[PDB]
Amino acid sequence: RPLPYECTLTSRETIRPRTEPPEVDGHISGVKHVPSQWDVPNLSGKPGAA
Amino acid sequence: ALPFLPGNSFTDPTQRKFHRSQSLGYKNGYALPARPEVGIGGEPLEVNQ
Amino acid sequence: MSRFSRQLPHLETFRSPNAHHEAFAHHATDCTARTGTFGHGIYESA
Amino acid sequence: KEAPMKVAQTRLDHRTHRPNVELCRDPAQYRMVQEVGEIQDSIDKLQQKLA
Amino acid sequence: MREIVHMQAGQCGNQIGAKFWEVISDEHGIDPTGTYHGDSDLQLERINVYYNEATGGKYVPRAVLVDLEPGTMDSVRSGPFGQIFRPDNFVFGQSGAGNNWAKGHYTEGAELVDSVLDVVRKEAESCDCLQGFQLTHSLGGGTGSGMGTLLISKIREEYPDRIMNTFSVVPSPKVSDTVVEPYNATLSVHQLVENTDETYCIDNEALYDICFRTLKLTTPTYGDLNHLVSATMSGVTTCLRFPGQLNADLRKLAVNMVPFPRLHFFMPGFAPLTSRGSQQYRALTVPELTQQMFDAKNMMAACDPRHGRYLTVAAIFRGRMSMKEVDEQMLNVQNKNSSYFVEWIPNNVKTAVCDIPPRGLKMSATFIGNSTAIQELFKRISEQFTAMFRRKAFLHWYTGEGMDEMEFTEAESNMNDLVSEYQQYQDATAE
Amino acid sequence: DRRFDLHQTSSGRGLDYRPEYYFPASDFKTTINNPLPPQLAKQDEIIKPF
Amino acid sequence: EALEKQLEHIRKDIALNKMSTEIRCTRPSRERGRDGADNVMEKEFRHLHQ
Amino acid sequence: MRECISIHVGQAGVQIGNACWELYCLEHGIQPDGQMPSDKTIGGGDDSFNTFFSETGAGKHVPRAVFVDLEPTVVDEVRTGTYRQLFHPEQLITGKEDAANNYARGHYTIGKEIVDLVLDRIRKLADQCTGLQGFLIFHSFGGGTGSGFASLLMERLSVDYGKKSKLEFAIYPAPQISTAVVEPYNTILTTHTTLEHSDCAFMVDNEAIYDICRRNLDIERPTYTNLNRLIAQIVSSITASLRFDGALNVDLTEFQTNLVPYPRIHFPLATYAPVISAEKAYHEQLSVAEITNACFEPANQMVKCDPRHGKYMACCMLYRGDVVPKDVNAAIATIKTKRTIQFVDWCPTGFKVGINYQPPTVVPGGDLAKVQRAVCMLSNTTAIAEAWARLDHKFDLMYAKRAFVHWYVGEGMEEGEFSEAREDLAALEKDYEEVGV
Amino acid sequence: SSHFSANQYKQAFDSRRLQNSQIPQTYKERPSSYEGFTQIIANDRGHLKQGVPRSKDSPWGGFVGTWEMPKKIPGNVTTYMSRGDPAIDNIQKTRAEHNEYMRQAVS
Amino acid sequence: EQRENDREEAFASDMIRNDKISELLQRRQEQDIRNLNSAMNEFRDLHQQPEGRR
Ligand SMILES: Nc1nc2c(ncn2[C@@H]2O[C@H](COP(=O)(O)OP(=O)(O)OP(=O)(O)O)[C@@H](O)[C@H]2O)c(=O)[nH]1
Ligand SMILES: Nc1nc2c(ncn2[C@@H]2O[C@H](COP(=O)(O)OP(=O)(O)O)[C@@H](O)[C@H]2O)c(=O)[nH]1
Ligand SMILES: [Mg+2]
């Protein structure tokens with residue numbers, strides 16, 4: 001084994017299929033859809049911020 | 001998110017009721033456990049509904 | 001009134017009377033430089 | 001995840017039947033809308049994991 | 001397949017044991033419903049030591065909850081992980097204890113003792129090979145002290161071959177939390193001496209110092225304290241539940257620690273404990289784990305081992321580690337602290353290794369210390385006993401519900417005899 | 001029927017009923033439940049510790 | 001007032017003597033014994049009480 | 001399950017009971033009709049109220065209280081106004097003739113007229129109770145019903161109910177302010193008969209709370225409503241652990257065991273902290289050590305007996321709110337190291353802690369500021385021997401000429417009861433002297 | 001007039017468990033055994049016959065009203081601890097006076 | 001030996017993530033207490049004015 005028994009070679013953002021990915025309700029294994037850069041939290045401190 | 005270790009426990013400070021519903025009580029001479037339908041504050045439980 | 005000042009205490013909390021006597025002796029000394037009645041207080045201040 | 005979406009939607013469109021002045025944008029309707037959005041986001045993440 | 005019957009008495013017992021059940025539940029993978037939801041088969045193999053097959057995949061604890069008054073037991077039921085318990089294991093009266101030993105033991109504890117014996121008999125006869133009982137309570141109150149001692153005595157009478165563990169959190173050096181706790185602790189330990197196989201004395205001041213110094217923890221609360229006690233319970237029973245390189249059960253620990261039947265009061269301790277913001281500064285090795293074990297501030301007993309001598313030590317490690325490293329570390333600490341160990345017993349250390357550490361941890365360790373420093377705790381309780389016994393304060397109560405002064409005299413004489421033996425095997429030399 | 005002269009009495013004026021208080025207003029939010037920054041929101045490097 | 005100040009000083013000296021006895025008892029068990037300094041301390045204790 | 005029966009006897013008892021049950025209704029969310037504001041499920045559904053309120057088949061909360069007086073004015077004022085539908089009308093016992101500040105009238109005359117009906121109502125309430133914890137009896141050591149009928153009722157309760165808890169909340173006559181004239185006579189005669197038939201008696205005067213409202217609350221002219229609100233806060237902090245979950249629970253059977261060192265010594269004091277207003281609490285950082293020091297300060301005591309003059313025997317500290325036991329332990333340790341607070345030599349373990357997580361509720365339009373933590377400080381000290389000596393001196397001054405004795409004798413009490421009562425409190429006075437060493 | 005036990009259920013049917021906070025009355029638990037042919041020792045009227053060991057208690061039972069209770073009550077100390085010798089003596093004195101007055105009022 | 005070193009590194013990094021998360025939650029709870037105290041002062045200013053007393 002080229003890695004410890006308690007670890008996996010793939011990561012959370014690495015999970016990809018080997019064969020053709022099935023069509024499951026629009027979501028496809030391998031694709032990452034929109035990156036959605038707008039989810040950056042508002043850390044300004046104004047009322048209503050994060 | 002934290003693993004369950006003695007130094008990694010946190011509590012909600014905005015809880016404001018802290019009641020105690022007498023689920024465990026008696027009847028006319030017997031010990032009646034009774035199932036709890038409500039927990040501490042007054043919210044319903046979330047395990048056996 | 002003097003008719004109500006010769007009464008022994010209702011409680012006996014000293015086992016043998018020897019310890020009672022040997023405590024109230026030097027307690028009657030300790031009542032000086034106290035606060036309030038019976039000398040049960042702090043030793044005032046300076 | 002399916003049932004809290006039902007809870008939030010039924011609460012929203014039960015509270016929409018309030019009378020004239022009682023139809024108020026209280027700070028519970030905002031949180032309930034954000035709950036709808038968060039439920040939909042969590043359902044999307046779980047369906048991605050399912051795929 | 002061995003079994004442990006766990007009994008928890010008093011409000012302190014019903015809090016600490018509930019926390020213990022919750023810790024071992026989310027260590028074995030049991031959900032708040034009661035079903036198994038773990039990943040490995042090791043969590044499922046040795047599960048009967050604490051649980052019973054209720055419904056398919058549902059496992060119920062073997063707990064017996066005892067109280068004179070339904071106080072914290074109701075809050076335990078209404079809290080998280082509170083419906084895993086069998087609903088008729090809750091045995092409860094309606095009168096109070098009043099932090100009164102005789103109320104817990106003689107008058108008001110007499111009406112519940114038959115029901116508790118019925119419940120624990122039903123629990124114990126279901127096990128194919130029962131190993132022992134584990135009682136959690138406090139030596140400061142009425143339910144934890146009186147009913148606890150009565151339960152230990154009756155369980156010893158019915159089963160005089162099983163291992164009796166009692167945890168029994170003891171009165172603090174500073175701050176009281178009960179004004180009659182010298183009487184309560186003396187009258188309780190008078191029967192804990194002659195009945196229990198082993199007792200793990202825990203001090204809340206030691207727990208507070210552990211939280212403040214080794215854990216920062218500006219808002220500790222009792223949850224972290226019961227969590228630490230629960231971690232020590234899991235550490236002392238982990239060799240039954242998970243396989244390891246060197247196993248040691250409760251009977252093996254009892255054999256390897258107590259030299260004489262009177263001396264069975266221990267100092268539990270847990271490692272590793274890290275202040276929040278120091279895990280990057282520390283590196284996990286077996287030497288630092290062992291040194292944190294043998295540090296004087298790490299044990300949950302307020303008495304200082306430097307004011308005494310270690311009769312025996314039990315070290316139960318949990319994690320993938322080397323037996324050479326473990327034995328070398330025990331040899332190193334024994335050789336360097338050569339004045340803290342009794343000279344007439346070589347290798348005052350019983351080691352055990354479990355292969356399954358707690359989740360989120362690589363290595364964990366449990367230290368059990370039978371030392372002669374327990375005489376400080378017993379001398380403190382004896383001094384605070386004889387301070388008020390000479391004036392008969394708070395004793396008209398105990399006389400009112402009906403014991404004699406000869407019981408108090410016998411209890412204080414038994415405590416003084418235990419102090420004398422612990423002092424004798426601290427200055428006794430080999431040759 | 002209620003009694004409309006309780007203002008003369010001392011116990012009526014000091015015992016007139018008003019509803020209770022709930023302490024946090026319905027805009028107070030807890031920041032402990034916000035999502036973590038991505039440096040601390042990593043993956044669990046240990047998968048099978050048994 | 002002056003005599004009470006002197007009494008306070010005497011009691012403080014009593015507390016110092018008790019502390020000195022405890023720190024002397026802190027000593028290793030090999031020396032211990034009965035010393036002329038110990039007899040002087042007991043004599044001082046008696047003189048302060050008188 | 002943890003049921004308690006509250007017997008409020010006398011005008012002081014009934015007014016304190018008004019201010020108490022108002023706070024209890026505000027705590028348990030009960031309207032002055034007996035009904036939940038919401039339905040059976042939401043806004044409630046718990047059973048935490050059963051310590052004080054029983055539940056009929058429909059969902060109406062009725063209190064476990066018995067309101068007793070011999071005059072009809074105050075009881076009828078309760079019957080007609082605000083909480084007119086909450087209190088049970090059969091639990092609102094009143095008579096025709098008042099006792100008119102007379103122990104013997106309350107003990108042998110009109111007080112003995114009503115005791116059969118009062119015990120009937122009490123036994124009906126106890127049959128309702130299913131795990132009764134004790135009787136909280138609210139009265140004064142003033143005149144009339146608060147002395148005579150309270151002592152007679154407690155004698156009958158000790159006769160029929162055995163050794164059940166009988167916790168008194170007693171209004172003690174202040175050293176300077178006192179309303180009646182025959183008040184020392186009544187107080188001597190009622191402490192003589194309530195020495196034996198009692199378990200514990202929390203002693204709360206009026207002048208100390210007047211000084212507290214002047215100094216800490218800035219009312220500068222408070223009244224009986226404010227006084228009874230503070231007494232209601234005290235009794236709520238005492239009874240809180242039977243209704244709200246806490247780290248350390250304290251039940252009513254424990255106060256006697258942890259506050260009565262010897263028989264006939266069962267008179268502890270009371271203190272609530274932090275009793276303070278909003279414009280002063282704005283500038284403070286109120287924490288465990290600060291409120292413990294405020295409790296042990298000899299100015300927040302709610303009876304005019306400064307603890308500098310005596311030694312503590314027992315100390316019940318009831319912490320209530322978002323309080324942490326670590327800071328509780330640190331505060332009690334620094335109090336023990338403090339020297340002005342003096343504890344008796346035969347009691348090294350002088351403290352008893354009860355921690356409850358429920359924050360202190362506030363009455364709308366009340367006096368106290370809302371705080372996250374509070375302490376009920378409950379001390380048994382020998383400083384009350386000064387008050388007993390002063391009251392015995394007042395009795396001896398009144399009894400040397402034997403004024404106001406013809407009333408008592410000519411309506412029915414033997415004159416030897418005066419002498420034996422003064423002998424009993426002389427024995428008590430020597431008892432406190434012997435305990436103090 | 002016969003509260004003759006319940007064996008397994010003696011834990012229940014207790015006055016403390018059935019909401020009776022008053023002190024309870026002690027009937028005779030654990031029934032005894034007889035031989036047979038019990039004497040009739042009566043007539044068809046309600047009489048007790050001649051030579052029967054008639055009791056010396058009141059035929060109307062023992063109960064005292066409020067206006068015949070003692071003016072002073074001891075207080076049920078049952079402890080006799082940390083009290084002086086005259087305290088023990090006069091506590092016995094009031095207990096004896098209590099018992100005598102209740103016996104005289106019943107009889 | 002590379003496998004053992006990587007296992008030790010993985011456990012170490014998991015613990016660093018864990019206690020940094022715990023410290024962040026500690027500071028979040030401290031800010032929560034600060035905001036609760038500010039809201040309490042605002043509530044006292046709003047409701048408990050002496051003119052509103054009975
Ligand atoms: N704290 C407080 N004390 C009160 C209150 N009302 C009366 N008192 C006290 O009661 C004393 C007067 O005697 P009461 O207790 O009212 O007499 P009573 O119990 O009504 O019996 P009678 O003498 O027949 O009227 C005064 O000295 C007050 O200290 C009250 O509302 N609050
Ligand atoms: N560690 C810990 N100790 C507790 C807890 N609850 C109570 N105690 C201790 O228990 C002692 C009081 O005894 P108690 O349990 O009330 O006796 P009981 O009234 O008979 O149940 C106090 O000294 C507390 O320090 C808890 O949750 N954790
Ligand atoms: Mg009146």
# chains A, B, ... in the order shown; residues from 1 in each chain; ligands from 1
$ residues_around --residues "residue 144 in chain H" --least-positions-apart "4" --cutoff "9 Å" --atoms "only C-alpha atoms" --output "number ranges by chain"
H: 10, 70, 98-107, 111, 148-149, 186
$ select_by_dssp --residues "range 135-244 of chain H" --states "strand (DSSP E)" --output "VMD selection string"
chain H and resid 135 to 140 168 to 171 201 to 203
$ select_by_dssp --residues "chain G" --states "helix (DSSP H, G or I)" --output "number ranges by chain"
G: 2-25, 36-49
$ interface_residues --of "chain H" --to "chain B" --cutoff "12 Å" --atoms "only C-alpha atoms" --output "PDB file with C-alpha atoms, in the first residue's frame"
ATOM      1  CA  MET H   1     -44.341  15.363  41.651  1.00  0.00           C
ATOM      2  CA  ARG H   2     -42.295  17.751  43.803  1.00  0.00           C
ATOM      3  CA  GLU H   3     -45.410  19.277  45.318  1.00  0.00           C
ATOM      4  CA  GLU H  27     -42.421  32.015  35.704  1.00  0.00           C
ATOM      5  CA  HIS H  28     -44.748  29.225  34.566  1.00  0.00           C
ATOM      6  CA  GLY H  29     -46.532  31.324  31.936  1.00  0.00           C
ATOM      7  CA  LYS H  40     -51.920  22.294  25.350  1.00  0.00           C
ATOM      8  CA  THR H  41     -49.028  21.579  22.958  1.00  0.00           C
ATOM      9  CA  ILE H  42     -47.187  24.793  22.050  1.00  0.00           C
ATOM     10  CA  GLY H  43     -46.037  27.454  24.497  1.00  0.00           C
ATOM     11  CA  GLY H  44     -46.056  24.791  27.195  1.00  0.00           C
ATOM     12  CA  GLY H  45     -46.906  21.100  27.336  1.00  0.00           C
ATOM     13  CA  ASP H  46     -44.457  20.591  30.196  1.00  0.00           C
ATOM     14  CA  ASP H  47     -45.268  19.475  33.739  1.00  0.00           C
ATOM     15  CA  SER H  48     -42.812  21.737  35.568  1.00  0.00           C
ATOM     16  CA  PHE H  49     -45.638  23.662  37.249  1.00  0.00           C
ATOM     17  CA  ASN H  50     -46.957  20.766  39.377  1.00  0.00           C
ATOM     18  CA  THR H  51     -44.839  21.850  42.356  1.00  0.00           C
ATOM     19  CA  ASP H 127     -54.405  14.362  49.105  1.00  0.00           C
ATOM     20  CA  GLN H 128     -54.067  16.182  45.782  1.00  0.00           C
ATOM     21  CA  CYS H 129     -50.288  16.138  46.298  1.00  0.00           C
ATOM     22  CA  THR H 130     -48.564  12.963  45.070  1.00  0.00           C
ATOM     23  CA  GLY H 131     -45.102  13.297  46.547  1.00  0.00           C
ATOM     24  CA  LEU H 132     -45.496  16.361  48.767  1.00  0.00           C
ATOM     25  CA  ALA H 240     -36.307  26.965  41.862  1.00  0.00           C
ATOM     26  CA  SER H 241     -34.387  23.666  41.960  1.00  0.00           C
ATOM     27  CA  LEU H 242     -37.666  21.736  42.326  1.00  0.00           C
ATOM     28  CA  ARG H 243     -38.882  23.140  38.981  1.00  0.00           C
ATOM     29  CA  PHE H 244     -35.823  23.904  36.823  1.00  0.00           C
ATOM     30  CA  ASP H 245     -32.953  21.585  35.955  1.00  0.00           C
ATOM     31  CA  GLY H 246     -29.613  22.512  37.481  1.00  0.00           C
ATOM     32  CA  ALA H 247     -26.107  21.264  38.130  1.00  0.00           C
ATOM     33  CA  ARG H 320     -29.286  30.717  40.002  1.00  0.00           C
ATOM     34  CA  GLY H 321     -28.631  31.633  36.378  1.00  0.00           C
ATOM     35  CA  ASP H 322     -25.717  31.223  33.948  1.00  0.00           C
ATOM     36  CA  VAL H 323     -23.360  30.563  36.857  1.00  0.00           C
ATOM     37  CA  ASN H 356     -29.742  26.087  38.983  1.00  0.00           C
ATOM     38  CA  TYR H 357     -29.506  27.054  35.312  1.00  0.00           C
ATOM     39  CA  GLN H 358     -32.698  29.147  35.199  1.00  0.00           C
ATOM     40  CA  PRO H 359     -31.906  32.886  34.933  1.00  0.00           C
ATOM     41  CA  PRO H 360     -33.675  35.233  37.378  1.00  0.00           C
ATOM     42  CA  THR H 361     -37.028  36.263  35.953  1.00  0.00           C
ATOM     43  CA  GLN H 372     -27.936  36.652  34.362  1.00  0.00           C
TER      44      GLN H 372
END
$ residues_around --residues "residue 11 in chain J" --least-positions-apart "5" --cutoff "12 Å" --atoms "only C-alpha atoms" --output "short mmCIF file (atom, residue, chain, number, x, y, z; two decimals) with N, CA and C atoms, in the first residue's frame"
data_model
loop_
_atom_site.label_atom_id
_atom_site.label_comp_id
_atom_site.auth_asym_id
_atom_site.auth_seq_id
_atom_site.Cartn_x
_atom_site.Cartn_y
_atom_site.Cartn_z
N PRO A 4 -1.05 5.05 4.22
CA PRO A 4 -1.52 4.38 5.44
C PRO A 4 -2.88 3.73 5.27
N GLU A 6 -5.29 3.96 7.25
CA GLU A 6 -6.33 4.85 7.75
C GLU A 6 -6.64 6.00 6.80
N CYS A 7 -5.97 6.07 5.66
CA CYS A 7 -6.14 7.17 4.72
C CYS A 7 -6.54 6.64 3.35
N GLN E 279 -1.70 22.02 20.70
CA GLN E 279 -1.51 20.77 19.97
C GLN E 279 -0.46 20.93 18.88
N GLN E 280 -0.32 22.13 18.32
CA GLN E 280 0.75 22.38 17.36
C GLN E 280 2.11 22.45 18.03
N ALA E 283 4.11 17.36 20.38
CA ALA E 283 4.21 16.25 19.43
C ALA E 283 3.82 14.97 20.15
N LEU E 284 3.01 14.14 19.50
CA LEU E 284 2.49 12.94 20.15
C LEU E 284 3.53 11.84 20.13
N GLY E 319 -4.21 2.66 21.62
CA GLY E 319 -3.68 3.16 20.37
C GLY E 319 -2.64 2.23 19.80
N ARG E 320 -2.39 2.39 18.51
CA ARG E 320 -1.37 1.62 17.81
C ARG E 320 0.00 2.11 18.26
N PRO E 357 -8.10 3.33 19.90
CA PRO E 357 -8.15 4.59 20.63
C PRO E 357 -9.52 5.24 20.49
N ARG E 359 -12.21 8.04 19.29
CA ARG E 359 -12.30 8.71 18.00
C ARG E 359 -11.78 10.14 18.09
N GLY E 360 -11.07 10.56 17.05
CA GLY E 360 -10.40 11.84 17.06
C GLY E 360 -9.06 11.84 17.76
N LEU E 361 -8.58 10.68 18.20
CA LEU E 361 -7.32 10.58 18.91
C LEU E 361 -6.49 9.44 18.34
N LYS E 362 -5.17 9.62 18.36
CA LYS E 362 -4.21 8.60 17.96
C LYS E 362 -3.83 7.71 19.13
N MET E 363 -3.51 8.32 20.26
CA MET E 363 -3.18 7.61 21.48
C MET E 363 -3.92 8.24 22.65
N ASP F 44 -11.35 15.00 6.67
CA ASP F 44 -10.82 14.13 7.71
C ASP F 44 -9.78 13.21 7.07
N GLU F 45 -8.51 13.38 7.47
CA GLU F 45 -7.43 12.60 6.88
C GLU F 45 -7.44 11.15 7.36
N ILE F 46 -8.11 10.85 8.47
CA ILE F 46 -8.23 9.49 8.98
C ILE F 46 -9.65 9.01 8.72
N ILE F 47 -9.79 7.97 7.91
CA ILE F 47 -11.09 7.45 7.52
C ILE F 47 -11.46 6.21 8.33
N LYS F 48 -10.54 5.25 8.42
CA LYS F 48 -10.80 3.97 9.07
C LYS F 48 -9.80 3.79 10.21
N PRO F 49 -10.09 4.30 11.40
CA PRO F 49 -9.16 4.18 12.52
C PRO F 49 -9.30 2.90 13.33
N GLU J 4 4.25 4.62 7.95
CA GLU J 4 4.11 5.00 9.36
C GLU J 4 4.26 6.51 9.56
N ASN J 5 5.22 7.12 8.85
CA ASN J 5 5.40 8.57 8.94
C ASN J 5 4.17 9.31 8.43
N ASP J 6 3.59 8.85 7.32
CA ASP J 6 2.39 9.49 6.79
C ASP J 6 1.19 9.31 7.71
N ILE J 16 -4.58 19.20 14.60
CA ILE J 16 -4.40 20.65 14.44
C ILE J 16 -5.68 21.28 13.91
N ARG J 17 -6.33 20.64 12.94
CA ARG J 17 -7.61 21.12 12.46
C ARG J 17 -8.65 21.13 13.58
N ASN J 18 -8.64 20.09 14.42
CA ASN J 18 -9.63 19.97 15.49
C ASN J 18 -9.47 21.08 16.53
#
$ residues_near_ligand --ligand "ligand 3" --cutoff "10 Å" --atoms "only C-alpha atoms and all ligand atoms" --output "number ranges by chain"
H: 9-14, 68-75, 97-101, 142-146
$ write_last_selection --atoms "N, CA, C and O atoms" --output "mmCIF file, in the first residue's frame"
data_model
loop_
_atom_site.group_PDB
_atom_site.id
_atom_site.type_symbol
_atom_site.label_atom_id
_atom_site.label_comp_id
_atom_site.auth_asym_id
_atom_site.auth_seq_id
_atom_site.Cartn_x
_atom_site.Cartn_y
_atom_site.Cartn_z
ATOM 1 N N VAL H 9 -50.601 32.856 56.247
ATOM 2 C CA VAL H 9 -51.449 33.230 57.374
ATOM 3 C C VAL H 9 -51.135 34.660 57.792
ATOM 4 O O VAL H 9 -49.967 35.053 57.893
ATOM 5 N N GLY H 10 -52.189 35.442 58.014
ATOM 6 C CA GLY H 10 -52.062 36.838 58.371
ATOM 7 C C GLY H 10 -52.064 37.751 57.159
ATOM 8 O O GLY H 10 -51.977 37.319 56.010
ATOM 9 N N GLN H 11 -52.179 39.053 57.437
ATOM 10 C CA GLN H 11 -52.155 40.048 56.368
ATOM 11 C C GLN H 11 -50.810 40.065 55.657
ATOM 12 O O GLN H 11 -50.752 40.148 54.423
ATOM 13 N N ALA H 12 -49.719 39.987 56.425
ATOM 14 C CA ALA H 12 -48.387 39.911 55.837
ATOM 15 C C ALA H 12 -48.239 38.665 54.981
ATOM 16 O O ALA H 12 -47.704 38.729 53.869
ATOM 17 N N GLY H 13 -48.735 37.528 55.474
ATOM 18 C CA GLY H 13 -48.669 36.299 54.703
ATOM 19 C C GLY H 13 -49.463 36.369 53.413
ATOM 20 O O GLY H 13 -48.993 35.926 52.367
ATOM 21 N N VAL H 14 -50.658 36.963 53.462
ATOM 22 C CA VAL H 14 -51.507 37.037 52.277
ATOM 23 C C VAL H 14 -50.918 37.994 51.241
ATOM 24 O O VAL H 14 -50.933 37.710 50.037
ATOM 25 N N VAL H 68 -55.152 32.370 54.622
ATOM 26 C CA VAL H 68 -55.875 32.431 55.886
ATOM 27 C C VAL H 68 -55.672 33.801 56.515
ATOM 28 O O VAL H 68 -54.539 34.284 56.621
ATOM 29 N N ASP H 69 -56.772 34.425 56.928
ATOM 30 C CA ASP H 69 -56.737 35.590 57.797
ATOM 31 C C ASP H 69 -58.017 35.596 58.615
ATOM 32 O O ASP H 69 -58.992 34.918 58.281
ATOM 33 N N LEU H 70 -58.002 36.354 59.707
ATOM 34 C CA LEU H 70 -59.201 36.502 60.518
ATOM 35 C C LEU H 70 -59.983 37.760 60.178
ATOM 36 O O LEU H 70 -61.196 37.806 60.405
ATOM 37 N N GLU H 71 -59.325 38.769 59.641
ATOM 38 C CA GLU H 71 -60.076 39.885 59.091
ATOM 39 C C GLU H 71 -60.440 39.608 57.635
ATOM 40 O O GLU H 71 -59.714 38.901 56.928
ATOM 41 N N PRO H 72 -61.566 40.134 57.145
ATOM 42 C CA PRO H 72 -61.976 39.844 55.767
ATOM 43 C C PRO H 72 -61.480 40.819 54.711
ATOM 44 O O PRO H 72 -61.651 40.526 53.521
ATOM 45 N N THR H 73 -60.871 41.943 55.100
ATOM 46 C CA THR H 73 -60.560 42.999 54.138
ATOM 47 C C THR H 73 -59.530 42.546 53.108
ATOM 48 O O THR H 73 -59.766 42.638 51.898
ATOM 49 N N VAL H 74 -58.393 42.024 53.571
ATOM 50 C CA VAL H 74 -57.309 41.680 52.655
ATOM 51 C C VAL H 74 -57.669 40.449 51.821
ATOM 52 O O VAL H 74 -57.374 40.389 50.620
ATOM 53 N N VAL H 75 -58.348 39.470 52.426
ATOM 54 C CA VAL H 75 -58.716 38.262 51.693
ATOM 55 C C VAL H 75 -59.783 38.572 50.647
ATOM 56 O O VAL H 75 -59.734 38.053 49.527
ATOM 57 N N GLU H 97 -64.144 38.199 62.976
ATOM 58 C CA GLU H 97 -63.375 39.016 63.901
ATOM 59 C C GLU H 97 -61.888 38.734 63.749
ATOM 60 O O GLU H 97 -61.462 37.577 63.731
ATOM 61 N N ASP H 98 -61.099 39.799 63.642
ATOM 62 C CA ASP H 98 -59.656 39.636 63.603
ATOM 63 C C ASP H 98 -59.114 39.398 65.010
ATOM 64 O O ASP H 98 -59.794 39.615 66.015
ATOM 65 N N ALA H 99 -57.864 38.943 65.074
ATOM 66 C CA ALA H 99 -57.243 38.677 66.363
ATOM 67 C C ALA H 99 -56.733 39.938 67.044
ATOM 68 O O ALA H 99 -56.394 39.874 68.228
ATOM 69 N N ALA H 100 -56.662 41.057 66.316
ATOM 70 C CA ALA H 100 -56.429 42.391 66.882
ATOM 71 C C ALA H 100 -55.104 42.482 67.638
ATOM 72 O O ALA H 100 -55.044 43.034 68.740
ATOM 73 N N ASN H 101 -54.039 41.948 67.029
ATOM 74 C CA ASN H 101 -52.688 41.902 67.603
ATOM 75 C C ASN H 101 -52.686 41.225 68.975
ATOM 76 O O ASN H 101 -52.342 41.823 69.994
ATOM 77 N N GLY H 142 -45.394 39.474 64.286
ATOM 78 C CA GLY H 142 -45.967 40.741 64.675
ATOM 79 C C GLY H 142 -47.071 40.547 65.684
ATOM 80 O O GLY H 142 -46.795 40.347 66.868
ATOM 81 N N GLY H 143 -48.319 40.626 65.250
ATOM 82 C CA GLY H 143 -49.437 40.427 66.149
ATOM 83 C C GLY H 143 -50.522 39.590 65.509
ATOM 84 O O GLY H 143 -50.648 39.523 64.286
ATOM 85 N N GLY H 144 -51.299 38.932 66.363
ATOM 86 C CA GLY H 144 -52.529 38.292 65.946
ATOM 87 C C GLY H 144 -52.402 36.968 65.225
ATOM 88 O O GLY H 144 -51.889 35.991 65.780
ATOM 89 N N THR H 145 -52.891 36.932 63.981
ATOM 90 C CA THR H 145 -52.962 35.686 63.223
ATOM 91 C C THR H 145 -51.580 35.158 62.867
ATOM 92 O O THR H 145 -51.362 33.941 62.872
ATOM 93 N N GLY H 146 -50.633 36.051 62.572
ATOM 94 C CA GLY H 146 -49.288 35.634 62.218
ATOM 95 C C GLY H 146 -48.529 34.961 63.340
ATOM 96 O O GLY H 146 -47.575 34.226 63.074
#
$ residues_near_ligand --ligand "ligand 2" --cutoff "6 Å" --atoms "only C-alpha atoms and all ligand atoms" --output "ChimeraX atom specification"
/E:10-12,15-16,97,99,138,140-144,171,177,204,222,225-226 /H:247-248
$ interface_residues --of "chain I" --to "chain B" --cutoff "7 Å" --atoms "only C-alpha atoms" --output "list in words"
residues 12, 13, 17 and 18 of chain I
$ write_last_selection --atoms "N, CA and C atoms" --output "short mmCIF file (atom, residue, chain, number, x, y, z; two decimals), in the first residue's frame"
data_model
loop_
_atom_site.label_atom_id
_atom_site.label_comp_id
_atom_site.auth_asym_id
_atom_site.auth_seq_id
_atom_site.Cartn_x
_atom_site.Cartn_y
_atom_site.Cartn_z
N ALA I 12 -46.47 -1.48 47.36
CA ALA I 12 -47.60 -0.61 47.10
C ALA I 12 -48.58 -0.68 48.28
N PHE I 13 -49.72 0.00 48.13
CA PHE I 13 -50.74 0.15 49.18
C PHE I 13 -50.16 0.72 50.48
N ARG I 17 -47.35 6.18 49.47
CA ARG I 17 -47.54 6.04 48.03
C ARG I 17 -48.94 6.41 47.55
N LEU I 18 -49.95 6.35 48.42
CA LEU I 18 -51.31 6.72 48.04
C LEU I 18 -51.71 8.09 48.57
#
